[PDB]
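Working notes, structure below.
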DNA sequence: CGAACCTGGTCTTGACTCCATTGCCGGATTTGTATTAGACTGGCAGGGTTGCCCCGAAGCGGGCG
């Protein structure tokens, strides 16, 4: 149904005084990774650092 | 009245000496930074009370047809 959808949409778009709730809503966007993605990203980091050292 | 003296601050000099002032050096202690490789991935005061001000339905009366 869409009644629970509009209920969750109305309850999710509520403003409060807690900044930590906004921070958790902020950090809840990007999903977690796996070890091969971590290896690939660290490869990219070290390669970019060697490239800017070459620069 | 003239001479010798006693004692007043007054002041120099030679010697002693004593304690602050750096100063170095060695060590003790004290404070500041870097590092720990299994994996671990989204919380909690909190409401309740009292009083006053700002926007929305609603009669509703006047303009409209």
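Residue numbers (the UniProt record's numbering): 209 to 263.
We put the beta carbon where it would ideally sit given N, CA and C, even for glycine.
Enclosing alpha helix (DSSP H) for residue 283 [first to last residue]: Residue 283 lies beyond the stretch modelled for the chain, which goes from 209 to 263, so this question has no answer here.
Query raised in the report: Would you report the Cα separation of residue 243 and residue 237, rounded to the nearest angstrom?
Result: Within the first chain, numbered from 1, the residue matching residue 243 stands at position 35. Within the first chain, numbered from 1, the residue matching residue 237 stands at position 29. Near 20 Å, if we compare the C-alpha coordinates of residue 237 and residue 243.
What residue range is occupied by the uninterrupted alpha helix (DSSP H) comprising residue 217?
For the purposes of this step, residue 217 is taken as residue 9 along the first chain, with counting starting at 1. Here the alpha helix (DSSP H) through residue 217 covers 211–220.
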